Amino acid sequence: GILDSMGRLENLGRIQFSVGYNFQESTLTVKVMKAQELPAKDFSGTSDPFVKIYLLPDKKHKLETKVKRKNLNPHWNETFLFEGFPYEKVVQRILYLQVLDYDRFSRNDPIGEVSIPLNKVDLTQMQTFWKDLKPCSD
């Protein structure tokens, strides 16, 4: 009855991204900028990170960044557009980012996740955020 949770945060790195809405175009922009201090998820001692972008509760339709080979501090600087997306639907979504290590001979390795409800963002301007990656394990 004091707070939701308290505890140690696993050091999974952090990610920077921006989001904003253009009302004339009815377009939501999400820019996945860069990540820092990602863990190594390959026996080579690096990872091959990419980001999956969801607008929850839509768990089916996602976008993805490119894979940055052997890079624990990737700079994607990739811009994604959700064009002709009505504003009244936008504010009902949660922007969800999942960072993974791309693998060749096994399944990709999830690293961590972040999210932000778009109804808590002032989308009239591009807003930029840093968030520490949280565990995305089941």
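In this text, residue numbers run from 1 along the sequence as written.
Check: Which wins on mean Cα temperature factor, 88-96 or 105-113?
Finding: If you average the C-alpha B-factors of 88-96 and of 105-113, the larger mean comes out for 105-113.
Next item on the list: Give the stretch, out of 33-41 and 46-54, with the larger mean C-alpha temperature factor in the deposited entry.
Entry: Per the PDB entry, the higher value belongs to 33-41.
Notebook entry, point to check: Lowest, middle or highest third: where is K68 by Cα B-factor in its chain?
Noted result: Its C-alpha B-factor, which the entry lists for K68, ranks in the middle third among residues of this chain.
Margin query: For the chain shown, is the CA B-factor of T128 in the lowest, middle or highest third of its modelled residues?
Written below: Tercile = middle for this residue's CA B-factor.
Notebook entry, point to check: What third of the chain, by the recorded C-alpha B-factor, contains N119?
Noted result: Ranked within chain, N119 CA B lands in the highest tercile.
Notebook entry, point to check: Mind checking which third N11 falls in for C-alpha B-factor across the chain?
Noted result: Middle third by C-alpha B-factor.
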